[PDB]
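Numbering of residues begins at 1 and proceeds along the displayed sequence. Whatever order the structure lists them in is the order used to number ligands and atoms, beginning at 1.
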Amino acid sequence: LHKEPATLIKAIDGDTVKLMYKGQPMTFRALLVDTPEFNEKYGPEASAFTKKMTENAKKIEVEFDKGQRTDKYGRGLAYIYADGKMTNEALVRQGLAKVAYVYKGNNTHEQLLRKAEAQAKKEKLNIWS
Ligand SMILES: Cc1cn([C@H]2C[C@H](OP(=O)(O)O)[C@@H](COP(=O)(O)O)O2)c(=O)[nH]c1=O
Ligand SMILES: [Ca+2]
């Protein structure tokens, strides 16, 4: 896989961000994770985490997987990186997202994220208490 440039337009919630990609605005949905909705427990803490990560980054990048690039809602599906650090992994590592929506052909970083979830769970973090 490989990283392509994008700029933050707006952080939306824990697992969705509006980015400008190849010069067009697009909502991106973070592969392989599930943050709570904003109205759910740790929903607000998830939104804040992603909003800070992406807004503070000097450099946002998107990395598509080997399968479907847009979901049925026209959202882009990608691994999202902020100054080289994967948002999707960081959310799981802090127990602000569960590993979820693992579809075949779009699951390159599954076990890296599962490894992060296991640590979060061992540490009894946020979602895991
Ligand atoms: C993460 C992800 C979600 N989706 C669709 C499946 C879920 O369908 P349904 O909307 O029919 O429940 C929905 C969950 O997104 P949210 O978790 O953002 O709602 O998004 C994909 O199709 N591919 C994916 O990789
Ligand atoms: Ca969600």
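- Of the residues listed (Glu110, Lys104, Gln111), the one engaging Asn107 in a side chain to side chain donor-acceptor pair (under 3.5 Å) is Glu110, and it is the only one.
- Within 4.0 Å of ligand 1, protein heavy atoms belong to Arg29, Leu31, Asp34, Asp71, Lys72, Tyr73, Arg75, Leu77, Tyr101, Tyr103, listed by chain and number.
- Within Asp15, the N/O/S atom positioned nearest the Ca ion (ligand 2) carries the name OD2.
- The atom of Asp34 nearest to the Ca ion (ligand 2) is OD1, with the search restricted to N, O or S atoms.
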Got a list of side-chain donor-acceptor pairs under 3.5 Å for residues 7-14, not counting sequence neighbours?
from: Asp13; atom 1: OD1; to: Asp15; atom 2: N; distance (Å): 3.2
from: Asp13; atom 1: OD1; to: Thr16; atom 2: N; distance (Å): 3.0
from: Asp13; atom 1: OD1; to: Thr16; atom 2: OG1; distance (Å): 2.5

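- Because the distance cut-off is set at 3.0 Å, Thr16 fails to qualify as a neighbour of the Ca ion (ligand 2), as none of its N, O or S atoms comes that close.
- Side-chain N or O atoms of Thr50 include none that pairs as donor or acceptor with a backbone N or O of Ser47 at under 3.5 Å.
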Side-chain donor-acceptor pairs under 3.5 Å in residues 84-91, sequence neighbours left out?
from: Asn88; atom 1: OD1; to: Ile80; atom 2: N; distance (Å): 3.0
from: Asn88; atom 1: ND2; to: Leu31; atom 2: O; distance (Å): 2.8
from: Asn88; atom 1: ND2; to: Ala78; atom 2: O; distance (Å): 3.4

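- Cluster note: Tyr103 groups with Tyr101 through ILVMFWY side-chain heavy atoms spaced under 4.5 Å, whether in direct contact or through intervening members.
- Although no hydrogens or angles enter the test, the distance criterion places no donor-acceptor pair under 3.5 Å between the side chain of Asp34 and the main chain of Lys98.
- Ring geometry for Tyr81 versus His109: interplanar angle over 60°, hence perpendicular rather than tilted (30 to 60°).
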